[PDB]
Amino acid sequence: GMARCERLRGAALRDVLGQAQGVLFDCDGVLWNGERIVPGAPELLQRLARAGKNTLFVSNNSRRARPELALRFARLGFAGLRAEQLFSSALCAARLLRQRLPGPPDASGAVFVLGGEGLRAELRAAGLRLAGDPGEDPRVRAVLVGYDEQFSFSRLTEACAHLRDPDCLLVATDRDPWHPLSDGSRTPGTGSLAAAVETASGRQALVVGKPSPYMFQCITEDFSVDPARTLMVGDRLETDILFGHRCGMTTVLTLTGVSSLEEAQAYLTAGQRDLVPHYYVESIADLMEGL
């Protein structure tokens, strides 16, 4: 139906869960904040497994390749998770680049990456060649913009040089504009860097991460997922909840992250339906009452 941002408790919670085949969790702001996990999250995931409900995970974080992200889950207390369940914007970025750059031998090119080691590793694991890697540098056939702490005017210029070639793709991991840190400060997100590259190159970027449907496409290619029977749980309205709506799932805003209840209710009175969560909880831990 049309989201009304109802608190998910009691019967509603029992219906919604029992109905669902599985849940898609965003990670940051939902399962953890920095190194401090959200109390109960580990327990919830376990009890979801006993109930026979599948779990998948999405993240616009392009800092950790899938292996290290799997280790992170492990180290933090989340047991029995497989790396195949993890879908980051980095992973999905690599997967798109492999889809768009497959070609006969002589068709291979390099990817110019504005981003960290984790992102590079993710691209290599998919079989992609990177510019700036040791050896002969093939013709750059793609520019990828991710979270780049080494972002510079020099490298922005370089990205644009590559993008002068209209046959060079422009991909971005996501459009998240900024992220909160532990000390209460913010860090610019790929969205702000993509904005710079797009503006400077006069180009539109193919975005893979939430709220782009492509991230969900990666997931449906790996697992049977019925959006009607899936819950999308996230902490950000403009990425997680909008994502859920575009994919046809039921959306649950959790309040342990970026967005607030009042922000959601503003979108509701404002009539921006696609930015309003069907339901909300204070923590994903609250979802355990329904098990």
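One-based numbering along the sequence shown.
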item: Segment of higher mean CA temperature factor, 21 to 29 or 6 to 14; value: 6 to 14
item: Mean Cα B-factor comparison, 246 to 254 or 47 to 55, giving the higher one as deposited; value: 47 to 55
item: Of the residues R139, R203, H162, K210, the one carrying the largest Cα B-factor as recorded; value: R139
item: Criterion, highest CA B-factor; candidates, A107, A83, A94, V113; value: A107
item: B-factor third for the C-alpha atom of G189 within its chain; value: lowest
item: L123, C-alpha B-factor rank within chain (lowest, middle or highest third); value: middle
item: Position of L170 among the chain's modelled residues by C-alpha B-factor, lowest, middle or highest third; value: lowest
item: Ranked C-alpha temperature factor of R66 among modelled chain residues, by third; value: middle
item: Chain-wide C-alpha B factor ranking for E35, given as lowest, middle or highest third; value: highest
